[PDB]
Every structure is written in C-alpha cells, then in structure tokens.
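Single chain ahead, written as structure tokens, the form deposited in one PDB entry.
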C-alpha cells in the first residue's frame, strides 16, 4: 500500500534505489517529455489517450520509447500490482538519456513513478481560487515537455500577490493555460470558451469538452482576448488532478460571488460521470 517500487528502463526498482546517472540530458539540458494520470479501482483513467499523447510527445523530441504501447501498458499494470494499490498517481518520464557529449541524445531513459492518489484530486471546492495573469508563451506548447521553469519560478510572486495559481497570456493579448492546467470561460449565454492553439491538449480538457457538447452546450475552441475576462460569467481550470476547478478571481475581477458557477458545477458532475463510465469499460 505505501509505494515500494518504481520502474526504470523496464526494471522494477525499490524507490530508495531509483536513480539516474548525472550524464542524463534531463539533468544537464532539461531534455525530456512526461505524462501523468490517476488510477482508481486498480485502473489508470483514459489510459490509451494518455499513452497516445506520451508517444506523440516522444516523437516531437525524436525520442524513441523502447517498448510499444501494449508493452508499456503491461509494465504500468504490473507496477500497480507490485505496489498493491488501487488508488494512485502515475508519472511517465522519457529523458534524452545518457548523452556522450552533454547535448546529443543517444537512447532515452524511461521512468514509471507511482504516488498515492493526490489528497487534493477532484477536491471540487465551492470557493473559486484566486489567480493572477502572467505574460508568457510556453515553448513547444503541444508537447508535454519537462520544461516548467517559468511556472515554478513564479511560485513566490503568485503567493506574495495573494494568489494560488496563474494564467499565461501570450503577448498579454491571448489567454492560453496555466503551467499545469487548461483554462475555460463560460459566457452569460452559457457558451463555453477555451483556447484551440499554442496550448497543451489536455486529456481532461478533451473529456470536459465532449461531456459539455453531449449535454447540448455550445463550445467554442478559439483565440480568447484578455478583454473577454470582462464578459465571462464563469472561469475554471481542467487537469488530471484538478478535474474541473472553479476560479473565483483573476486579478481584481471576481466571477459572480467567487463561488463555483452553474455550468462549472454541471461540468464537475459530468467529468465524474466520464470517469465512472471509463471504469465500467475495465
């Protein structure tokens, strides 16, 4: 039940022995991709979608995953079994590998790490969070790279300023995403708005959009002007750990009374239904 093992390059290894040699290009060059997904009732959620993303991220960095997707899926199931857990967080990392020259990739290092189910997962607080705008555009935004400098560097500024997250705004004209979350507005006519370009295409994002459309809501995937914050009734984040999370304040703009909006609340319940349905196919 406590996590006893990780997997490095297809070998189960006690957590206390899970190391990389310092020639690894993630350490020297931040060259890497990753994926992160929850497991509930002994099943990684929406697994084929997270794995297909992981394979697409690897090909963008010209990094070959040593195992095909069936073989990686087996190793993930074997690791859940070996740690004897049903509720977990799971991280896949694929690094540039042990490079001869501290720059050119050779063969990648593959890591499968495992965590308790995050405590906050799908908390679904009724009180929206408070975030700040930050001018920035992520590099290679469509690839899930290991590159979180700006997001991490900003943690002092976020806290200093009374916030618990931020939203990136490309040349401070275009709303994108947080470091770790996709961003949605709900207009007063109940139209759901989210960025279509220069973002990471979240799996959670995909499930909430599909669930919104199935419930008969209008969803626009489009460029979002900074000024549309002024027109929106609601704002929320999506991610693997957040599920759907109500944002109550961006800078001095309070959405409603700061509590979770109507459509936001309906989208939380639909996401929990997307998960329940997923688990019934396993």
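In this text, the rigid core denotes the largest set of C-alpha atoms whose superposition between the two forms falls within 1.5 Å. Numbering follows the first chain given and starts at 1.
There is also a form solved in complex with a small molecule; it is not shown, and the following applies to it.
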*State the residue from 47, 226, 61, 241 whose non-hydrogen atoms include one within 4.5 Å of the small molecule in the deposited complex.*
241
*Considering the small molecule in the deposited complex, find the one stretch among 187-195, 158-166, 117-125, 71-79 with heavy atoms no farther than 4.5 Å from it.*
117-125
*Is there any non-hydrogen atom of residue 272 lying within 4.5 Å of the small molecule in the deposited complex?*
yes
_Distance check, residue 38 to the small molecule in the deposited complex, heavy atom within 4.5 Å_ = yes
*At the 4.5 Å heavy atom threshold, is residue 276 in contact with the small molecule in the deposited complex?*
yes
*Superpose on the rigid core, then report which one of 157, 120, 191, 127 has a CA displacement of at least 2 angstroms between the shown form and the other one.*
120
*Any CA movement of 2 Å or more for residue 94 between the shown form and the other one, core superposed?*
no
_Superposing on the rigid core, is the Cα displacement of residue 212 between the shown form and the other one 2 Å or more?_
no
_Is_shifted residue 203 between the shown form and the other one (CA, 2 Å cut-off, rigid core)_ = no
_What direction does the residue 199-residue 184 Cα distance move in the deposited complex compared with the shown chain, closer or farther, given a change of 3 Å or more?_
farther
*Are residue 252 and residue 199 closer or farther apart at the Cα level in the deposited complex than shown, by 3 Å or more?*
farther
